[PDB]
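# Working through the structure, step by step
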Amino acid sequence: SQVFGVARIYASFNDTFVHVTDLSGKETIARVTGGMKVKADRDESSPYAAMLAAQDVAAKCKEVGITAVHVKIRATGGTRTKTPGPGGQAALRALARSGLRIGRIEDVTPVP
Amino acid sequence: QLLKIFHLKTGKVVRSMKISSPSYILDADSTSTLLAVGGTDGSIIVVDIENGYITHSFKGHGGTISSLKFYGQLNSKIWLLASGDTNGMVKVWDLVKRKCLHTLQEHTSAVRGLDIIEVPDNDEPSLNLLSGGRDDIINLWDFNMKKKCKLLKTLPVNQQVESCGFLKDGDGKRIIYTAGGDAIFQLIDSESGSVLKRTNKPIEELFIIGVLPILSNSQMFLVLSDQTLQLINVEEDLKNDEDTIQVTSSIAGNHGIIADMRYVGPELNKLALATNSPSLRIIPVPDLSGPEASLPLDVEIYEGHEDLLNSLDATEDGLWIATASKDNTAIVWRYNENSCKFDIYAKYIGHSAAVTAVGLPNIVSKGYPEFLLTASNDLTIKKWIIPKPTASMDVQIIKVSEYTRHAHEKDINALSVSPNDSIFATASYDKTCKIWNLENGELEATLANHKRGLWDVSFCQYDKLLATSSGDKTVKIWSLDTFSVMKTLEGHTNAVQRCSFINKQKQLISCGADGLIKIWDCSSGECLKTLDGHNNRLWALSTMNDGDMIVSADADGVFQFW
Amino acid sequence: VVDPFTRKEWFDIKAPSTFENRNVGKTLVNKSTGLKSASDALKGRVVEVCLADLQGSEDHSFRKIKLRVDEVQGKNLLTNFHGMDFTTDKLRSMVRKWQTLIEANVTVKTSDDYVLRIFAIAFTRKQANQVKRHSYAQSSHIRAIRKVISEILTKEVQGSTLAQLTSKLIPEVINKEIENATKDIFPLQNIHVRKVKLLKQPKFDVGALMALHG
RNA sequence: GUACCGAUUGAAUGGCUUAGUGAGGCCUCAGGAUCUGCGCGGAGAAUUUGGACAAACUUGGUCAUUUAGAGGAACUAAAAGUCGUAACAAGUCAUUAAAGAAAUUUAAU
RNA sequence: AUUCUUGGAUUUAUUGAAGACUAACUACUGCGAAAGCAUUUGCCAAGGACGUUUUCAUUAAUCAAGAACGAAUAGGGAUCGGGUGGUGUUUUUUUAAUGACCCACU
């Protein structure tokens, strides 16, 4: 039906990283992050900044051809907080509104 | 999802088309000049007129579209004539309803320009159908209103295609422009499958091209590229008068970012700017219109480099234009586009780091403007001085081994010549500015009281002062004796990149990361005026002799005269 | 300004035999020039997809399958089985208080000389009409449990190359063989395989590769 | 900054020139890394005595001008810098047909 | 604020290297005289309870000096290990059986 990819949302603290890849995971596209979309060095995980960057990330992916995508949520992991970040829920809600598809998602927290 | 309809040059919306769910990507206009249908990624076609009437749903295939063209009896996209697809397929339809007449499947590569230009007869007694936009080959298709089709020839003579052209009369005996994504456009021959001549100006992928309203072998032709346009002669091959592919003109525009600027014309005519592009664009000053049409020389951009340009400079009359880039070389260009090699006087090799600043000595008529004083990030500075022929004509090596002046540990960011040839001071990123003599290359003076590196230094033309800029929000002015610090200006709300005097030795004009230009005076040391019509970082500056027009540099391509 | 997405080849993935539908998905490679041709450049890309998303059987939503590229032919490329892994949600669902976690590992060669190390997970259940709240092991039965798994896993490997072993991993026939033999010691619960990974592929060897293709 | 007096004739160039220095090819007595051919020649590198022709290079002095110019006397610039002193000024609605699945187009009243 | 960054930082996929530790299970449970003790497997001895119709025959106990190692009254319920019994079950479409379980006794 569609052409697929993985979105791999890395919701850390004081930043949010979103970058969609190919099916293999070596080929990248639209790497744009949440900290880019405001300049105060404090709201870098604020959800309106997360909703801002997720729109522009879904913008270029809609302009290349990718329409369906898996997400892989990911915290900082290891000896860190192991907790999904602030700009993870609204950002997943932001790109799902953009006109893409969401299905069969899971967790890639390094939990050792 | 914006496909909006306008009228006469007011530009008001007549009707808004956002109905279809996929994003509209392509659109073309009509020979009826009233109807418009857009190409999209859902293969969705909607024929609409402007009063408005947005007719019958045509829905018979998916895929995506990246090329479209019309016809007077088949007035739709390449979904009706053929099929704009992501796998490549020709589909036969009609102006009558959604029945499918014939089908044609030959491609294995994606191609969207299957009928990117018409065959105007659709009977082809000696005519052809040309096609290619993604499959990187050129195919020659027949047309049959009732039977299957035939391939006339295939052309693997290309390596990449984006758009195909076709002669207006349709015989193909004359010139046929084919624009490919391989930074190459060609003149081909349809009945023989051979090229006339191939032309290689650009270093970037060609964009898609439409049509000219001209007939056969034309009078002019326009080539599309990145923020530049060029007009080409119409033979390119022994056709009417000339051959061995050439370029008629290359009209320059403006780039978003600018590093430096310097007046070229001896009566302050020409400005040359150095950008992220590896070219020399000379529009700005005499052109109070848009793109260039009124510079009194052959308008043509220069290229002799492989990377971006760092700093550029010229002398008074403007015959020698020395430029600096990241290709470790120094190249000087001529005013009126003449030389012995191409347009280059000489290219100077010997830099072991990037060439980040360039400078000329003072004018006399010759000699000093024939010379070159360039700078590199190898913590040295290099003077190329060969007086016995006319210098800047030949490759010169005079300072490569140990004649170079090396006392730096952080890089020099600028360099300035005094009105006399004796002393010159260069500023450096290690919070100092050094005076060296030009006759010997010996350390004359060391001037330093700063808190950040020094990006620009320049002299007064009465050689009584010194003007330098540092990132501690201050502009500092020194004496001519270097026994006493003269003046220290503060008031700039951020760092200052570049400072300069006026030619009447009246005012100090500064440029920095504030967002507005400031003109302090060098006489009372106060604020004569500030000027605020910017919101980006200011990086370059240039001063005319008369003092009314002052040109500035921004981060978006805006040149404000005052 | 380059816009590489008008230059990248659009390309697809073909799957091996002992599966459901051999259509998988898409990638993006490069433009095939000379000096960086696209075929010889990568040759080793890794596809990691849940097998339930390809088999269709929805009672397999864990146990993702790792793939590895071998050959390329012109809007087709063929891949090979590299690894098998559980999701983190599946095993951390299992680990309950007041029971015993028994693991096993074994290094064992296949028929064709793929050397692969699998793991093992074993958990203790309560019987019917238990009174006590834990039902642990004895710390010598765990020796009697690890040993029975260790001799069974060396029997099933080195036979009828890895696709048939892949054809046993999918309906998890291995777990019943663990189940019946080791029940006489102590009964058990959930036991699965939890991993298989390879490190000693012998050679290129196109000859046996095309025997699975239609 | 400009015009002038004046020591250094310093550096550049021009006139004259003491002094030292000297490329290059020509011939001939000797020589052989090397060549297709019914006893060996066309061709050919180094080295070599003598003889004719020979451009020209380096530096010192005399004189002029520029530059550098100690020192000596002006003009202009800087309204400039400090201090003292003086007076003025200044707050197309509805019902309803036709095409169109939907909008929309057109007619009717 | 410090730092890194177009010779590409951060993120992504593939490897190799170095050091470190056994994550949910992990308990008011076990072991050790104490200080202490958590990956598998092999080897080397040491130890306790239980069972014993084997054996020595007062061989006992407690503690200045001193040494090794370490900064330097009588019930109840649950649980660990061993043993005994079973009008007992379960694994047994395999004949047996090891083993887990149910209950009593110590």
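Residues numbered from 1 in each chain as written, not as in the entry; some residues may be left out. Chains lettered and ligands numbered in written order. Part of a larger assembly, values for the part shown. Heavy atoms only, no water. Residues with missing side-chain atoms left out of burial classes, pairs and counts.

### Here's the deal with the sheet that holds strand β19 (residues 309-314) of chain B
Residues and elements named next belong to chain B.
- Pairing in this open sheet of 4 strands is antiparallel, and the strands run β19-β20-β21-β22 from one edge to the other. The open sheet has two free edges, formed respectively by β19 and β22 (344-349), since each of these has just one partner strand. The average undirected angle you get between the axes of adjacent strands in this sheet is 20°.
- As paired strands, strand β21 (residues 329-334) and β22 are joined by 4 bridges and run antiparallel to one another. The residue bridging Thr329 from the neighbouring strand is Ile349, located in β22. (Pairing = 2+ DSSP bridges. Helix = DSSP H or I, 4+ residues; strand = E, 2+ residues; numbered from the N terminus. Axes fitted to C-alpha atoms, helices over the stretch in contact; angles between N-to-C directions.)

### Structural notes on the pattern of salt bridges
- A full pass over the atoms with the stated rule returns 18 salt bridges over all chains.
- Residues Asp53(C) and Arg104(A) are paired through a salt bridge, measuring 2.8 Å at the closest nitrogen-oxygen approach. One end of the pair, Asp53(C), is in helix α2 (residues 52-55); the other, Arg104(A), is in the loop between β5 (101-102) and β6 (106-107), on a second chain.
- Linking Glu103(C) and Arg194(C) is a salt bridge whose minimum nitrogen-to-oxygen distance equals 3.8 Å. One end of the pair, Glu103(C), is in strand β6 (residues 101-109); the other, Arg194(C), is in the loop between α6 (173-182) and β8 (195-198), with 91 residues separating them in the sequence.
- On the basis of relative accessible area, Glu103(C) is assigned to the partly exposed category, the value being 38%.
- What makes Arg194(C) buried here is its relative accessible area of 18%. (Salt bridge = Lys/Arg side-chain N within 4 Å of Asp/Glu carboxyl O. Buried < 20%, exposed > 50% of the residue type's maximum accessible area, 1.4 Å probe, protein only.)

### Things to note about the packing of helix α1 (residues 47-64) of chain A against helix α2 (residues 89-97) of chain A
All names here are of chain A.
- For the pair α1 and α2, interaxial distance at closest approach is 8 Å and the crossing angle is 30°. Helix-helix and strand crossings are classified by hand; for α1 and α2 the assignment is right-handed. Between α1 and α2, the contacting residues are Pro47, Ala50, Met51, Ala54 and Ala58 on the first element and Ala90, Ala91, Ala94 and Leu95 on the second.
- Residues that form the contact of α1 with α2 fall into these classes: 9 nonpolar, no polar and no charged. (Left-handed = near helix turned anticlockwise from the far one by under 90°. Contact = heavy atoms within 4.5 Å. Nonpolar A, V, L, I, M, F, W, Y, C, P; charged D, E, K, R; others polar.)

### Notes on the environment of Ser392(B)
Residue and element names in this part refer to chain B.
- Mapping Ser392 onto the fold places it in the loop between β25 (380-384) and β26 (405-406).
- The buried category is assigned to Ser392, whose relative accessible area is 2%.
- Residues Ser392 and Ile381, spaced 11 residues apart in sequence, show a C-alpha to C-alpha distance of 18 Å.
- In this structure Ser392 touches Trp320, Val332, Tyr345, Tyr348, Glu370 and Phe371, once residues within four positions along its chain are discounted.
- Reaching out from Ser392, the side chain makes a polar contact with the backbone oxygen of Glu370 at a distance of 2.6 Å. (Polar contact = N/O pair within 3.5 Å; in protein donor to acceptor, adjacent residues only side chain to side chain.)

### Remarks on the protein's contact with RNA strand E
- Looking at RNA strand E, there are 30 residues lining it, with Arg8(A), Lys97(C), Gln99(C), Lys132(C) and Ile185(C) nearest.
- Each atom of RNA strand E within 4 Å of the protein was assigned to sugar, phosphate or base; sugar and phosphate come to 75%.
- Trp98(C) is positioned with one of its backbone polar atoms (N or O) 2.7 Å from a phosphate oxygen of RNA strand E.
- In this structure, a base nitrogen belonging to RNA strand E sits 3.1 Å away from a side-chain N or O atom of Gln127(C).
- The residue makeup of the surface near RNA strand E, split by class, is 9 nonpolar, 9 polar and 12 charged. (Near = heavy atom within 4 Å.)

### Digging into the interface of chain C and chain A
- Across the boundary between the two partners, chain C contributes 14 residues, which contact 13 residues of chain A.
- The class makeup of the residues in the side of chain C that touches chain A is 4 nonpolar, 3 polar and 7 charged.

### So, the environment of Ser30(B)
Residues and elements named next belong to chain B.
- Within the fold, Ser30 resides in the loop between β3 (24-28) and β4 (35-40).
- The exposure class of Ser30 is buried, given its relative accessible area of 9%.
- Placed 42 residues apart in sequence, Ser30 and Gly72 show a C-alpha to C-alpha distance of 8.9 Å.
- A polar contact is formed between the side chain of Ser30 and the backbone nitrogen of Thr33, at a distance of 2.8 Å.
- At a separation of 3.1 Å, a polar atom in the side chain of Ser30 contacts the main-chain carbonyl oxygen of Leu35.

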